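A single chain, nothing else alongside it, follows as structure tokens in the form solved without the partner chain.
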């Protein structure tokens, strides 16, 4: 019970609610993102999560083992999830590397991004406190100016190249930060160091307090009403593009850590005769509320920056993966004693990232050791195996810390553990569960375990709402095609789009291979 609650709280509350949701909501106009957000929430987000928990508790297994007894022909979902989490682990730790770099740069007397008198800055820079001044406003030369935070993030941390075709030279300091984070993760996993006893009280109450104070600071900031209006009121015409629907569905499937093979094991740890339904509903509501209030804070900050800079809200930031690193460092600057609050906030980010990183990597290593235990479970191989896995992941992720490392990271974010592959996996899971096993068969088990019969809503949500949404989104995306573009102006080469589609197809095509191999034998 207690361990279940703590593990599930640490299993999906983290970067997916604070970093990824805000920039996807910002890129799609704001309010128009919310209607598909809630539709997909109440259609599949809670039903599929509850289905995973129930199947884990019922089979007492996870990963491929549960599908090995639910449907042998449909065991490819486990392998697809393994590939998805393996590709996700590579690019999930670059955020932690950036956080470590920011934290190390925080120890100085003055924050580096508070001004742009440094040496890594273009001549087209000035301070936001007087950017709206008449001599430096729409009167003349108001289009090519830039804020110190944008220039810092684009040059000191990234040093962005003209394109992906020009990778430049490798940056060594970010490589060292990545190595340090990987070493910390290896030390934590090898010795089995997890929060226990009374320290978990602070570990759980610190991120919420930091989020609360950040929310208060953002709400008290002038010009946040425009940000709230942008975040809430939707655009009807914008809904005619499949982009909003597909990214809302993937945000639902990502924030809840669905289709990664983790919740099945989490429910497998549970025993029979437990009320999983109430806990699952409460956790889903808590996760959604946390994301909603985090969006409040982000868009209040964005509205403040848009009001102070003099430009429109739709284009005031990167509109890409690095939205948090532009909003939050700008927010922590307004607090008294900025250094202490910056250190606290980046420690909070590190804490929210490290626990999720640990649990995902541990689940991955358990999956691989279960895949071939014959000599893995015997001897001292269970240290060198993690050593090799960490080294390979570090080498693979080293390609995203070069001069042109942002484009590869954006391609990974778009095509690796999101987009069409997650919809594919969720559609297949819902289809098999609802149509081959039978909803009545699962309600029999639910009645046996929890002693009560829920309403006739899970059956519908698994039979008619999820497959229709998945198929509609896929078909409409295929019919109306718009190629991926970093930010909004950069157009990718043909081979880059081919590589991204190959990345997605690598996860997607595991299921047909499994089916054809099972049928051939």
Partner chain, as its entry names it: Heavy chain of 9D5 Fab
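Positions refer to the first chain, counted from 1. Each form is matched to the other, and the largest set of C-alpha atoms that superpose within 1.5 Å is called the rigid core.
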May I ask whether residue 138 is missing from the deposited models in at least a third of the other compared entries? yes
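Missing here is the form solved in complex with the partner chain; even so, the following discussion is about that form.
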Go through 419 to 427, 272 to 280, 402 to 410, 236 to 244 and give me the stretch that gets within 4.5 Å of the partner chain in the deposited bound form, heavy atoms only. 272 to 280
Would residue 211 sit within 4.5 Å of the partner chain in the deposited bound form, counting heavy atoms only? no
Counting only non-hydrogen atoms and a 4.5 angstroms cut-off, does residue 453 reach the partner chain in the deposited bound form? yes
Heavy atoms within 4.5 Å of the partner chain in the deposited bound form: does residue 58 have any? yes
Shifts of 2 Å or more at the CA atom, core superposed, between the shown form and the other one: which of the listed residues 387, 236, 216, 232 is the one? 387
C-alpha of residue 368 moved at least 2 Å between the shown form and the other one on rigid core: yes
Is there a C-alpha shift of 2 Å or more at residue 454 between the shown form and the other one once the rigid core is superposed? yes
Look at residue 377 and decide if its Cα position differs by 2 Å or more between the shown form and the other one after superposing on the rigid core. yes
